[PDB]
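Have a look at the structure below before the remarks.
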Amino acid sequence: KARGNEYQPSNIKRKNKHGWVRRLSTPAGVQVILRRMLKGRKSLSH
Amino acid sequence: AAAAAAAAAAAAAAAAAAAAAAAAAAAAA
Amino acid sequence: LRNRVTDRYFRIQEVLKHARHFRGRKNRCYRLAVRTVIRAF
Amino acid sequence: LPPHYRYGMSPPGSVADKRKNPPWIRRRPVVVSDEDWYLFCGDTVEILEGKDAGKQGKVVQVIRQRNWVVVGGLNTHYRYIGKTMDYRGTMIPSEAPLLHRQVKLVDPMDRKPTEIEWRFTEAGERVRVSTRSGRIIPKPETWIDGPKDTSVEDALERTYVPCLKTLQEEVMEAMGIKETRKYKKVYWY
Amino acid sequence: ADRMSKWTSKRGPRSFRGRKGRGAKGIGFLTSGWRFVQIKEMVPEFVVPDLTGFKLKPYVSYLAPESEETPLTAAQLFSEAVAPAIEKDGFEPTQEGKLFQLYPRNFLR
Amino acid sequence: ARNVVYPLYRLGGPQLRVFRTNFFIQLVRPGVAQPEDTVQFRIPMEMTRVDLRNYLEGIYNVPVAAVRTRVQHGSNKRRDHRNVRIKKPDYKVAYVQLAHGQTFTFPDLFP
Amino acid sequence: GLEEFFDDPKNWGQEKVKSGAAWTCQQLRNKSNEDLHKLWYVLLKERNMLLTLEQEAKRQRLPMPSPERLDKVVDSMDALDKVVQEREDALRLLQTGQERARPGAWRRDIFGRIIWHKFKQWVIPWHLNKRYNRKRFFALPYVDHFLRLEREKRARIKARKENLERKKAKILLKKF
Amino acid sequence: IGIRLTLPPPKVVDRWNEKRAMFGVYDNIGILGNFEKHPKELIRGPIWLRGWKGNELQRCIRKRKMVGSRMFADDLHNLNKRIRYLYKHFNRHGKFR
Amino acid sequence: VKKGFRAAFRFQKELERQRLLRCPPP
RNA sequence: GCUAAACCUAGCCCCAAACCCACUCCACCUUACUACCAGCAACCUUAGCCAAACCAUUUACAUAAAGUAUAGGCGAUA
RNA sequence: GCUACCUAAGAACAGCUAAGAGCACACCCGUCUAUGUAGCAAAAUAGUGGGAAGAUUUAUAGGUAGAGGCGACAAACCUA
RNA sequence: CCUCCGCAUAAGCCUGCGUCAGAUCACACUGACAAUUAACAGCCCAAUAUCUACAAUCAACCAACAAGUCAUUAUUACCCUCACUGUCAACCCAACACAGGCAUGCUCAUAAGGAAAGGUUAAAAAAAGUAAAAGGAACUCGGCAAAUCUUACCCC
Ligand SMILES: [Mg+2]
Ligand SMILES: [Mg+2]
Ligand SMILES: [Mg+2]
Ligand SMILES: [Mg+2]
Ligand SMILES: [Mg+2]
Ligand SMILES: [Mg+2]
Ligand SMILES: [Mg+2]
Ligand SMILES: [Mg+2]
Ligand SMILES: [Mg+2]
Ligand SMILES: [Mg+2]
Ligand SMILES: [Mg+2]
Ligand SMILES: [Mg+2]
Ligand SMILES: [Mg+2]
Ligand SMILES: [Mg+2]
Ligand SMILES: [Mg+2]
Numbered sequence: 003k004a005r006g007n008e009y010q011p012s013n014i015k016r017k018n019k020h021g022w023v024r025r026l027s028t029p030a031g032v033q034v035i036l037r038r039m040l041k042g043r044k045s046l047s048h
Numbered sequence: 010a011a012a013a014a015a016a017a018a019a020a021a022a023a024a025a026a027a028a029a030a031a032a033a034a035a036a037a038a
Numbered sequence: 079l080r081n082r083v084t085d086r087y088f089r090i091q092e093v094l095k096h097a098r099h100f101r102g103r104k105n106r107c108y109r110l111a112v113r114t115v116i117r118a119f
Numbered sequence: 153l154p155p156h157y158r159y160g161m162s163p164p165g166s167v168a169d170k171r172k173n174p175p176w177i178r179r180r181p182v183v184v185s186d187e188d189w190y191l192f193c194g195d196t197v198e199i200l201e202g203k204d205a206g207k208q209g210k211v212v213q214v215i216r217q218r219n220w221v222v223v224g225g226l227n228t229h230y231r232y233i234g235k236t237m238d239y240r241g242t243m244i245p246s247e248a249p250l251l252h253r254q255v256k257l258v259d260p261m262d263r264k265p266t267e268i269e270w271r272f273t274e275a276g277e278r279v280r281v282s283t284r285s286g287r288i289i290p291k292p293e294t295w296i297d298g299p300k301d302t303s304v305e306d307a308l309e310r311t312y313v314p315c316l317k318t319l320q321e322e323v324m325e326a327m328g329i330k331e332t333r334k335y336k337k338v339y340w341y
Numbered sequence: 319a320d321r322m323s324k325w326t327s328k329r330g331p332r333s334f335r336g337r338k339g340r341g342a343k344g345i346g347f348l349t350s351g352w353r354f355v356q357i358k359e360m361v362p363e364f365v366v367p368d369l370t371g372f373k374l375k376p377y378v379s380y381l382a383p384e385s386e387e388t389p390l391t392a393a394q395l396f397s398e399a400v401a402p403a404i405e406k407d408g409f410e411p412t413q414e415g416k417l418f419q420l421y422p423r424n425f426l427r
Numbered sequence: 225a226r227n228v229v230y231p232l233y234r235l236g237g238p239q240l241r242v243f244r245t246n247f248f249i250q251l252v253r254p255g256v257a258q259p260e261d262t263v264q265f266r267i268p269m270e271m272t273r274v275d276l277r278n279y280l281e282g283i284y285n286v287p288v289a290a291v292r293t294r295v296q297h298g299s300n301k302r303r304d305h306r307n308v309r310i311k312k313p314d315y316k317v318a319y320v321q322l323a324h325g326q327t328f329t330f331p332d333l334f335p
Numbered sequence: 260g261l262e263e264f265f266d267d268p269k270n271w272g273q274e275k276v277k278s279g280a281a282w283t284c285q286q287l288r289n290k291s292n293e294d295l296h297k298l299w300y301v302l303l304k305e306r307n308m309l310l311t312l313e314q315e316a317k318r319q320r321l322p323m324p325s326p327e328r329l330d331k332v333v334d335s336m337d338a339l340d341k342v343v344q345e346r347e348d349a350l351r352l353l354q355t356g357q358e359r360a361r362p363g364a365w366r367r368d369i370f371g372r373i374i375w376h377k378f379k380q381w382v383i384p385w386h387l388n389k390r391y392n393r394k395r396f397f398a399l400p401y402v403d404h405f406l407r408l409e410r411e412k413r414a415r416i417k418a419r420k421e422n423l424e425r426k427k428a429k430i431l432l433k434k435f
Numbered sequence: 702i703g704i705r706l707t708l709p710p711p712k713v714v715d716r717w718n719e720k721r722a723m724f725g726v727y728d729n730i731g732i733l734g735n736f737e738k739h740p741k742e743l744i745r746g747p748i749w750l751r752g753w754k755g756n757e758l759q760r761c762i763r764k765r766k767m768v769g770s771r772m773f774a775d776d777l778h779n780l781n782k783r784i785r786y787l788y789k790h791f792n793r794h795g796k797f798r
Numbered sequence: 064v065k066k067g068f069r070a071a072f073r074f075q076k077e078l079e080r081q082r083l084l085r086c087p088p089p
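Chains as they are written, first to last, in the working numbering: chain A, 3 to 48; chain B, 10 to 38; chain C, 79 to 119; chain D, 153 to 341; chain E, 319 to 427; chain F, 225 to 335; chain G, 260 to 435; chain H, 702 to 798; chain I, 64 to 89.
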C-alpha cells in the first residue's frame with residue numbers, strides 16, 4: 003500500500019523505547035550515551 | 010543622529026536525498 | 079595544497095589564440111579547442 | 153557580542169552598530185596592549201602626522217579596544233547627516249580615529265609634545281610624569297535629590313549591632329512571632 | 319519528534335500532562351478520591367515588615383562618600399563576638415537542638 | 225520563594241516562613257477585554273496560586289478575592305543566522321479577582 | 260493598594276526620571292539585619308514598579324523613560340543578597356566549621372566523571388529508598404576507554420588553544 | 702578563474718637573521734671537536750627519527766615502538782591501521798617481483 | 064589564494080597590454 | 001555590461017616541552033533537567049576479511065646481535 | 001510506533017431476509033479494466049468487485065532480534 | 001453549484017491566516033505585541049488479616065456454549081481542607097498549502113463546511129461520459145469493457 007507513513011508517533015512509545023532510563027537500564031546501552039557525549043551531541047538521548 | 014530604516018534578514022534553504030534503487034522493468038528471457 | 083598550479087590561464091590562452099576565429103563553442107571552450115586546433119595544424 | 157569583533161566608532165549598543173556589524177560578519181580582525189596606558193579622557197594632545205599635523209587639541213573619547221583616541225574637531229572630514237529625502241540635509245565635520253603612537257602628549261607649560269613615564273612618586277604613588285622636563289602632569293577631567301534617594305546622613309548610620317544571630321531569626325525575634333513547635337530531623341543523605 | 323526541544327508538560331498524553339508540571343514546590347497530597355488536601359504548614363507565609371516609619375529609600379545620593387570594599391570574614395565577626403570573651407581572663411555546640419539549623423539548612427533564603 | 229531548597233515539613237514541624245522572597249512580579253494591561261475587578265499579572269513559573277494570595281496580602285495589602293493562573297507557551301519558531309531555534313520564554317499569567325468591588329482600572333501610562 | 264504598581268502620577272511620559280546612585284554593598288555592610296529585611300521589601304516594591312514599566316513600554320512601543328535605573332535597583336538586590344549571604348556564611352563557619360550550606364559529596368556517576376552530588380533531603384534511610392537504590396554511583400569499568408578518549412579530547416583542544424596563541428604572538432612580534 | 706588580479710604583497714626576507722646566519726654552525730662537531738658528540742645529536746624534533754632516515758613504513762614502525770605506549774587513543778588506532786595497510790602494500794603490491 | 068608571484072605578475076603585465084589595446088595612449 | 005570574478009585571516013596540521021580537569025544558586029537514573037516514603041546488581045580466549053594466487057593447520061597488531069638460532073600444509077610466512 | 005504472531009485492558013458492526021447464514025451501509029480487503037508512469041502517490045484515482053456477527057475489523061500499551069524473531073510456507077515479513 | 005462531508009474527544013504537532021508595522025498566479029513569511037483562565041480531564045488511595053459458586057444479551061420467560069467485562073468485612077490509624085498540570089490554530093503521519101493513511105461520539109443530509117471554470121478559440125491526437133439507424137459477439141486469446149440480468153454442465 004502507501005508506504006511513507008511508517009512513523010506513527012506516540013510519546014509513550016518514544017520515551018519507553020529511546021528514553022534516558024531505557025538507555026541507562028542496560029550496560030550495553032550506557033556506552034551509546036557515552037559515544038554521544040564523546041561526539042558532543044546537543045541531544046544525548048530523547 | 011542620521012535617520013535610517015528597518016532591518017532585514019534573508020538566506021537560502023537546500024537539501025538533497027536519494028530516492029530508491031529505481032525503475033522496475035522487464036526484458037527477454 | 080603544496081605546489082598547486084597557478085599559470086593555467088596562459089596555457090589555455092596559447093591554445094585559444096590559434097582557434098579564436100572559429101564557430102560555435104570551439105572558439106571559447108578549452109576542451110573543444112584542442113580537438114580542433116590540433117586538427118587545424 | 154561575538155569574538156573577532158571590529159570596534160567601530162559606534163558604541164557596542166547602537167542601532168548604527170547593528171547596522172554595521174550584524175552577528176554574521178566575520179571580517180579579518182585588526183592588530184594591536186601594554187596596560188601602562190598614558191592617554192586619557194580629556195587630555196590635551198598633539199597630532200604628529202596625517203593631515204592637519206602640528207596641531208594641538210583635546211581628546212574627547214578613548215577606545216581601548218583598537219587603541220584609539222579621537223581628538224575634538226580635528227583630523228576631520230565632512231559628512232552629511234540625515235538628509236532624509238533628495239535634499240542635502242546638513243554637512244557636519246566628523247573626526248577620524250587617531251592611532252596611538254601617531255599622537256603624543258604635550259607638556260602643560262613647555263607646550264611641546266613629549267614622552268611620558270610612570271615613576272612612583274613619594275606622594276602616593278604613581279602619576280604620569282614628563283620625560284624632558286619634570287613637572288608631573290595630572291590626570292585631568294549640583295545634583296540635589298528627589299523622592300526615592302535617601303541622603304548622605306542615612307546611608308552611613310552603622311545600625312549593625314554585630315551579633316551572631318542568623319537574620320531569619322533576628323527578624324522573627326523583633327517581629328513578635330512566637331514559634332513553639334520544633335523541627336524534626338530529616339534524613340539528609 | 320524533536321530531540322533538541324525542551325520536554326515540558328504540554329507534550330505527552332493525558333497521563334503525561336498532569337504528571338510533570340512546573341517547578342511548583344508542591345503543597346499537599348492526594349487522598350482517596352483524587353481529593354487534594356492543602357496542608358497549611360507547607361504554604362509559605364510572607365513575613366513582611368511594616369514600612370511606615372522608615373527612613374531609607376531605594377537609591378542613595380551621589381553625594382555619599384566612597385569606601386573600599388570590606389569582605390566580611392568569619393574572623394572579623396569573631397573580632398566583635400569576642401568582646402566579652404576577654405573579660406573572662408556566646409557559642410552553640412550542636413545544631414539538632416535549634417529551631418533554625420545552620421548547616422543542615424533549615425530556613426529559607 | 226524561587227530557585228531554592230524547601231525545608232521538608234514532617235508532621236508537626238514549624239510553619240515554613242519566608243524572608244527575602246526571591247520572585248518579582250509585574251502587572252500588565254489585558255488586551256482581550258477583561259472585566260473590572262480582574263487584573264492581569266505576569267508570574268514566574270515556579271509560583272503557585274496561594275503564593276500570590278499571601279504575597280498580595282503581605283506586601284501590597286490588597287483584598288484579593290479569586291486567583292486563576294494559566295501558563296502561556298513561548299514561540300519557538302525563530303531562527304538565527306546559524307538557523308537554530310530561539311525560544312521566547314513561556315510564563316504564567318494571573319487573573320486576580322478583587323474583593324468588595326474595589327474596581328482597579330489600568331491607567332494610561334505614557335498619556 | 261494596586262496603585263503601588265506605578266509611581267506618583269506626575270511622571271507619566273517624562274522620558275527621564277532623575278534618580279541614580281544604586282546601593283553599593285559597602286553601604287549595606289554597615290546597616291543592620293532588620294534594616295536589610297526592610298530594605299529588601301522596599302527594593303522589591305520598586306522592581307515591580309519598573310517591571311510594569313517594562314512590559315507596558317513594550318506594549319505601547321515607546322522606549323522606557325528610564326531604563327538605566329532597572330540595573331540600579333538590580334545592583335541593589337544583588338548587593339543585599341550577597342551581604343546577607345556573607346553574614347550567614349560567616350556565622351555558619353563559626354558554628355559548624357563547614358562551608359557549602361547544602362550538603363553533598365564528591366561522587367562518581369556512571370560516566371566516570373567526578374561530580375559534586377548535592378543531597379535531596381528525604382524522610383527514610385537510603386537502604387529503604389526505592390528510587391535512590393536505582394541511581395548507580397560507580398564506574399562499572401568499561402567506561403574507562405571512554406574516559407581516556409575524552410581526557411585526550413580535552414588535551415587536543417588545549418593543545419590547539421596554546422599553539423594558536425604562540426603563532427599569534429610570533430606574528431605580533433613580527434609586526435612590532 | 703584562478704589567477705589573482707592584484708599582485709601579492711612583496712616578501713621581505715632578511716637573510717642576516719640569527720637563524721639564517723647561525724645555520725650550519727657547530728656542524729662537523731665530531732671531526733673537529735675531538736669527537737665529544739656526533740652531529741646526529743644536534744638534531745632536534747621528534748623522539749624517534751632523531752638521526753635515522755628510514756622509510757615511511759620503517760618510520761611508522763619505529764614511531765610505534767618508541768612512542769605508541771604514550772600515543773593517543775584514536776591515533777594509535779590510526780597508526781596501527783597505517784602499518785596494517787603499508788605491510789599489505791609494500792610486500793604484496795607494485796612492480797618488480 | 065595560490066602561493067604564486069610569477070603568474071600573477073605575468074597577468075598584471077598582460078593586462079597592461081590589454082589596456083593599451085582597449086584605450087591606447089595618444 | 002550583467003552574471004561575476006579576484007582577496008589574508010579565521011583557524012588548523014605536525015612535533016617539542018609539560019602529566020590533565022571536575023561547587024555561583026536551583027534540576028538531572030521516574031518520561032534525565034521531576035522538592036518530598038519500607039529491595040536485583042561487574043568480572044568469560046576476540047572472530048573474520050586478507051596472504052597461502054582456491055582453502056581446510058597456518059597468516060606481522062635507541063643501535064647491534066639478526067632477519068641469525070629456532071618454528072611452519074618445513075610454505076606462505078612467522 | 002510499518003509488518004508477522006502473541007499478552008493486557010478496550011471498542012464497532014445501519015437497515016432487510018431467516019447458522020464461521022444471505023442481500024447490503026459504515027468498515028476492512030484489493031478481482032478486473034481504465035487513468036497515471038520524474039504521477040495526486042518511491043503503488044495513487046474512478047468505476048467494478050470480495051467479505052462485512054467473526055478464523056472479523058481496529059485504537060491503546062507490552063514482548064519476541066539477525067548464527068535470530070515470527071510465519072494459516074509466499075523462503076513471506078522484521079522502518080520504502 | 002457542490003457536499004464520499006462537518007463539529008467535537010483521544011492522539012500527534014507546539015504558536016503555524018489574532019492586532020500593528022514591514023519587504024517582496026496574486027497581498028499561512030519576517031519583526032514586534034497580545035493571548036488558551038476549571039467545573040471537563042488528568043494527578044488517586046493507611047495498614048494487617050479475611051472476603052467474593054449462580055455471566056452479558058431491554059434479563060423477563062426462552063435457549064445456550066466458546067463459560068464470561070465490575071462487590072467486601074473485622075480492629076487499629078486519621079479531624080490539613082480545593083494546589084499542580086493540559087486548555088491556541090487553517091494543524092498529525094506521508095521530503096510539499098501532497099486526490100494517500102487517520103481511532104471514537106454525534107451529525108445520517110445537514111443549521112456545518114465548501115468552490116470543479118485565469119481569459120479566449122472550440123483543430124488533431126488523447127482521456128472521461130452521453131446518444132445511434134440496421135445487424136446483435138460477426139470483434140477478440142477470451143463477451144475484456146459497456147449494456148442488461150441470467151440457462152446449464154465440466155475439471156480443481
Ligand atoms: Mg586466500
Ligand atoms: Mg591476487
Ligand atoms: Mg455472514
Ligand atoms: Mg492483504
Ligand atoms: Mg457478504
Ligand atoms: Mg497471518
Ligand atoms: Mg512453496
Ligand atoms: Mg479547542
Ligand atoms: Mg512520499
Ligand atoms: Mg454553509
Ligand atoms: Mg477552481
Ligand atoms: Mg473553460
Ligand atoms: Mg486554462
Ligand atoms: Mg445500433
Ligand atoms: Mg464484464
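Ideal Cβ placement from N, Cα and C applies to all residues, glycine included.
> Smallest Cα separation from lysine 300 of chain D: which of E:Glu363, E:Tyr380 and E:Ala403?
Replying inline: The residue you call residue 300 of chain D lines up with position 148 of the fourth sequence. Among E:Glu363, E:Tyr380 and E:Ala403, the Cα nearest to that of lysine 300 of chain D belongs to E:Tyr380.
> So is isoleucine 784 of chain H in contact with chain I if we call contact Cβ pairs under 8 angstroms?
Replying inline: By 1-based counting over the eighth sequence, the position of residue 784 of chain H is 83. No, because no Cβ of chain I sits closer than 8 angstroms to the Cβ of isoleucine 784 of chain H.
>> Quick check on the DSSP output: the beta strand (DSSP E) that includes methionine 243 of chain D runs from which residue to which?
In response: For the purposes of this step, residue 243 of chain D is taken as the residue at position 91 of the fourth sequence. Element bounds for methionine 243 of chain D: 242 to 247.
> Taking contact to mean at least 3 C-beta pairs separated by less than 8 angstroms, is the region 231 to 238 of chain D in contact with the region 259 to 266 of chain D?
Replying inline: no
>> Please report the straight-line C-alpha distance between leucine 423 of chain G and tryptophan 295 of chain D, rounded to a whole angstrom.
In response: Translated into the one-based positions of the seventh sequence, residue 423 of chain G becomes position 164. Translated into the one-based positions of the fourth sequence, residue 295 of chain D becomes position 143. Their backbone Cα atoms lie some 51 angstroms apart in a straight line.
>> Strictly under 8 angstroms for the Cβ-Cβ distance: is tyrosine 341 of chain D near chain E by that measure?
In response: Here residue 341 of chain D is taken as the residue at index 189 of the fourth sequence, counted from 1. Judged by the 8 angstroms Cβ criterion, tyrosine 341 of chain D is not in contact with chain E.
>> Closest to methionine 269 of chain F by C-alpha separation, out of F:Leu333, F:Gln326, F:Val317 and F:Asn307, would be which residue?
In response: For this step, residue 269 of chain F is matched to residue 45 along the sixth sequence. For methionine 269 of chain F, the nearest C-alpha among the options comes from F:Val317.
> Of all Cβ atoms in chain E, is any one closer than 8 angstroms to the Cβ of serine 278 of chain G?
Replying inline: Walking along the seventh sequence from the start, residue 278 of chain G turns up at place 19. Yes, because at least one Cβ of chain E sits closer than 8 angstroms to the Cβ of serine 278 of chain G.
> What's the C-alpha gap between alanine 20 of chain B and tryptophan 176 of chain D?
Replying inline: Along the second sequence, read from residue 1 onward, the residue named residue 20 of chain B stands at position 11. Along the fourth sequence, read from residue 1 onward, the residue named residue 176 of chain D stands at position 24. Cα to Cα, the separation comes out at about 12 angstroms.
> Along the chain, where does the beta strand (DSSP E) that runs through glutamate 322 of chain D open and close?
Replying inline: To locate residue 322 of chain D, count along the fourth sequence from 1; it is residue 170. Per DSSP, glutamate 322 of chain D belongs to no beta strand (DSSP E); it is in the alpha helix (DSSP H), 320 to 326.
> Taking DSSP as the reference, what is the three-state secondary structure of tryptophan 270 of chain D?
Replying inline: Numbered from 1 along the fourth sequence, position 118 holds the residue referred to as residue 270 of chain D. It is a strand residue.
> How long is the line joining the alpha carbons of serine 47 of chain A and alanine 364 of chain G, rounded to whole angstroms?
Replying inline: Taking the first sequence and counting its residues from 1, the one referred to as residue 47 of chain A is at position 45. Taking the seventh sequence and counting its residues from 1, the one referred to as residue 364 of chain G is at position 105. Distance between the alpha carbons of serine 47 of chain A and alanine 364 of chain G: 27 angstroms.
>> So for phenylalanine 797 of chain H, helix, strand or coil by DSSP?
In response: Locating residue 797 of chain H in the eighth sequence gives position 96, where the first residue counts as 1. Three-state DSSP puts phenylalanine 797 of chain H in coil, outside helix and strand.
>> Please give the ranges of any beta strand (DSSP E) in the region 245 to 316 of chain F, keeping only runs that are unbroken, at least 3 residues long and fully inside the region.
In response: 262 to 267, 288 to 290 and 293 to 296
> In the DSSP assignment, what residue or residues form a beta bridge with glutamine 321 of chain F?
Replying inline: Numbered from its first residue, the sixth sequence carries residue 321 of chain F at position 97. According to DSSP, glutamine 321 of chain F bridges with F:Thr262 and F:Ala290.
> CA-CA distance, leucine 40 of chain A and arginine 419 of chain G?
Replying inline: Mapped onto the first sequence, residue 40 of chain A falls at position 38. Mapped onto the seventh sequence, residue 419 of chain G falls at position 160. Distance between the alpha carbons of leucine 40 of chain A and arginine 419 of chain G: 18 angstroms.
>> Just to make sure I have the definition right: I need the residues of chain E whose C-beta is within less than 9 angstroms of the C-beta of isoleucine 14 of chain A. Which are they?
In response: On the first sequence, position 12 is the one that residue 14 of chain A refers to. Here the neighbours are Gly330, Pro331, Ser333 and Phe334.
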